[PDB]
Amino acid sequence: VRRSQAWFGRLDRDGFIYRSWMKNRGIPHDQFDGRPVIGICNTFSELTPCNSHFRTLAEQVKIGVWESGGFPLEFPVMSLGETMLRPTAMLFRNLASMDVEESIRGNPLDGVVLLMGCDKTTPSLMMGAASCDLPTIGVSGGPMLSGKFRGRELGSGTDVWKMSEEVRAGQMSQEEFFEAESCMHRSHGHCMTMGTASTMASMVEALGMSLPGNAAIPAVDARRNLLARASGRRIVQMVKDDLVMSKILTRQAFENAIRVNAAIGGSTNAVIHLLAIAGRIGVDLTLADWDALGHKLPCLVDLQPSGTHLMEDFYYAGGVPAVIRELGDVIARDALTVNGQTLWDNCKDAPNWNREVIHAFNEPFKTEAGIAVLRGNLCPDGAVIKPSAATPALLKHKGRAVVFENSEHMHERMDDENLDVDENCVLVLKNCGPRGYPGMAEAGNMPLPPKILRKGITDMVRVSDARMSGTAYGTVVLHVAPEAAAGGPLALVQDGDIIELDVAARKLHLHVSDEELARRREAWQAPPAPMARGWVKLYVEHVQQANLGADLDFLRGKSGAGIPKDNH
Amino acid sequence: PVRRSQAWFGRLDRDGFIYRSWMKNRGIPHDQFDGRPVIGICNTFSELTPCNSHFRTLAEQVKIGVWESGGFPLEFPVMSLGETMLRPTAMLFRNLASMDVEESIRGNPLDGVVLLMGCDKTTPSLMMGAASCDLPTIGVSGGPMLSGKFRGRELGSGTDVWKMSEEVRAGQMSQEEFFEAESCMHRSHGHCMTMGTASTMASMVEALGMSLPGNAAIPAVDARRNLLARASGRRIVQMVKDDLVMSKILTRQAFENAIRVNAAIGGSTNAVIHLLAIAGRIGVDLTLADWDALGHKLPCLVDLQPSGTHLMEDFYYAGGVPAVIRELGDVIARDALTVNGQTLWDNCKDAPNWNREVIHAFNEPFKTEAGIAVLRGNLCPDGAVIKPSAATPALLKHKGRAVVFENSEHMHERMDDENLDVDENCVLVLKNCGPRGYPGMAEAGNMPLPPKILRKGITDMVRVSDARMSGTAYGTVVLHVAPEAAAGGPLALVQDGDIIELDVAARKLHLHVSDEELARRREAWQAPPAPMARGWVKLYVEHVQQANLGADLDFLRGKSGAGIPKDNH
Ligand code: FES
Ligand code: FES
Ligand SMILES: [Mn+2]
């Protein structure tokens, strides 16, 4: 029955081996009796500031299992801290997924609890677990408290760009900027805006992989530990009911996630990770699904980078349950969630305590504010833009290309005061995709050249093959596929070329002949391998493009959780 | 870079905000981004690796020592490897965790690292990926657990599992007396209480100069262990300022000393594969033939299971491996540098021996000519290892009929079949259990003997395979046969009947079959299919190297330093 009994139930020479060592620290023999063993994937790390409190979170989950008669065991994987990993945390997104997948199948686990929070750590565990497909429940770590500074509030990342552009413009002092370090981010948890970590927590509960309310409650709130403990209870039942990830991660679950991602003004990185998760659970989902389901919908939460308020205000207003309830005419209602009820039955009666934060559907915060997927000769395989946090007057715009051949050249050249750029140009950035950076870093939201900032404007049309943080704003076209370092038509844009953007027409058209690109394409040579050694060589030579999830090619798909050979 | 962490923390731009504000979300003084040595502590704690269960208190011990010396301690996780839990074997996952530790050190602002390593595969996976960075690195072993206490006698980790199970199937031990010693064999924190792999690698780390003196043998629940993790936290901060990097410690002299110490302690056969992988990352010429050259003829000075009688607890109380290195005064590279800052002799030249019964003197060796021996012949063209420290002398030179098992499932079913034509003089042959055949190199070399033979009081008969063995195992077991049968090696061609000659004195493993018959047999040989068309295992089979080179992935060999990577925003 249980697969853990292939370890703990054997009455042979091997059963001694799988049991005698586990009893070295005092574990009662009844723990190996056949009750569900629960693996707790602990991404706790002091190098992951947003998950640094996951020791407590695991213990609450551990209590939950003991309450319900299960055998809980926590294990580690590589944790990813978006603020500290370099060249970028996305570079190691796939490496952590192999830790999760192999640690789950290789160990006597019947159920899985995922402690995820910090940006990249949410897809790392969701992707590795989907390839084993045991009864799995996700516990999100929770956001930080809203920043506090001089009687004002500070936003995670969103106020980092706004204040660094304000000092680059010369309108704010550099001393005031660095005085906000300890004042922006107090308290435990992940980014306090509607950035990647917050949307991915919403994606976890929009897909149905968590108990209701899991996304929005802050990390130091008491209900954070309640939900972790309550999910430690539920996962025991799910093992008995065999509620595997296959039954939750249906196509209707991904559509629902896309629907609420546009309703919350979600990160542009949710688009990439959701494709990678679908790529391993075995659900056909392309970028076109995001456009067909997303842009038509309005954005209903008034949170940065799209709005004003923060994740603290968002939870007190009702959180994701209140947002799903308002998508009641478009959500796949009978889509089951991890607690044994459909998504609509967990949110049909969710309250709303503040409509200035969570708007009514019939009176939304921003109309047609869902993410758009652009097509054209410059992005033949797709490119995304987030109009919720973009300038409307720039959504239909045409300008000359100011090209930055890579990120180094972009930093060597952006601050050049004798650069020929005005507000109406189109800043282009190349060689920052999966093979480009390497790792597809959040470099899309380029800081505007200082000459433009002093003029008094903070937005210009920027196109790139890189990502940007969910914390970021502006009119930024991202995930241009194929990337420049792959041979994509982005690699051939030169200074002076005219790029026209019409997000209403899904247009990213490069004004240049089909015959002129072909001579440029002949002189173009792919950049050299950045390491030719270690994980990075494996990454650049195996990672797929941004339009498919930026996953390693041999990691796509599932493999289940069979009972492997005995180890001796 | 002088203080590579200042590329994050000492930045006076926008990015400098990103790298500091987030770290300060739990209350960290701004002066921790001083430029003081930031010390990454790679914690392999997990409840699914019962031998690293106490590492949360170990990691805290390390931090204390870092805080004393004005450093910045940060712990971070990587995939942990519990050998008893991970199937089909924890070896298959060593190189994966090797990538975790390496990328976590290069991508994070770390001036120095502390390695918390206890269970078997947790030492190499941590040492390898650290060697690929060549940063100021200190290793901290978790310690062996207390001896097993059962019915007023002692139980040995791993060793007594083989010997009690071989007594159940021989019909002399209750099927329940086996399972009642279950909770009595392991009753404290730590790794295997024998001279298995986990204690050998702990002895390797200290003999390689990669740890403070006395690091190997300290039991986990003994208080000197926490003191050591605290002392290593003190020491690593000063090494960052001295820029004492791994390549300055892990030189050839260190590896040569490690081969010597492994022989005198009766170390595991698995230490051979892992040091070769460690050398392959750090960039030091070390070949399988070096192990026999430097180590075989050296005497075994340690009277521990599976070679002797006592347990790791006694080994610490007699002076640990420092007392062994002292008895090795006339063979070791005396002037090899260790982590504290003094040569290996200055750390051990006055090491006291409190018990000449478990740590013998050199001139009173427990066993002569007891180092691991590599073999050469038609059967193992790239080398095969054997541990005579736990073998039987009469079968050290032996020839007999072959009884073959095409894979391991075939063995689990044919070995017990009483209709099998085999006596105690036949050579047992097991195929398709090496890096690619199993997959991973599981410890199936110590094959259970035919139940017919065990009823004669026979405990040992010669057994060859391309598999590995438990460091706690024994017998005249030829191991690590390279190339493995799955990779096309000659072992795949052994057939029910061929005579196989063993002579470790001559280092000869010869299969008495014509050379032409073999190439004619290899006509009908077709490689086994990959176990998985997907996942890490697929990458593993198509990139793992053989046991002669350390079983690393080919694209993971060598080092890449630890230069400053590009900004992440
Ligand atoms: S830094 Fe962890 S959530 Fe953005
Ligand atoms: S089980 Fe960890 S030492 Fe053998
Ligand atoms: Mn082992």
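Both counts, for ligands and for their atoms, begin at 1 and track the order of listing. Order of the sequence lines sets the chain letters (A, B, ...), proteins ahead of strands, with each chain counted from 1.
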TODO: On the 0 to 90° scale, with breaks at 30° and 60°, tag the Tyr18(A)-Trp7(A) ring pair as parallel, tilted or perpendicular.
DONE: perpendicular
Task: Shortest non-hydrogen contact from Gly445(B) toward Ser465(B) - done: CA-OG, 3.7 Å
Out of all atoms in ligand 1, which are within 4.0 Å of some heavy atom of [X]? Include the element for each.
X: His190(A); answer: 3 (S)
X: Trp22(B); answer: 1 (S), 4 (Fe)
X: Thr83(A); answer: 1 (S)
X: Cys118(A); answer: 2 (Fe)

Which atoms from ligand 2 have a heavy atom of [X] less than 4.0 Å away?
X: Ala198(B); answer: 3 (S)
X: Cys51(B); answer: 1 (S), 2 (Fe)
X: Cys192(B); answer: 3 (S), 4 (Fe)

Assess the side chains of [X] and [Y]: does a donor N or O sit below 3.5 Å from an acceptor N or O?
X: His568(A); Y: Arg13(A); answer: no
X: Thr48(A); Y: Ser79(A); answer: yes
X: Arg86(A); Y: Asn108(B); answer: no

TODO: With the Mn ion (ligand 3) at the centre, find the angle made by OD2 from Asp120(B) and OE2 from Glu443(B), to 10°.
DONE: 150°
TODO: Would you check if the distance from the ring center of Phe45(B) to the ring center of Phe55(B) is below 6.0 Å?
DONE: no
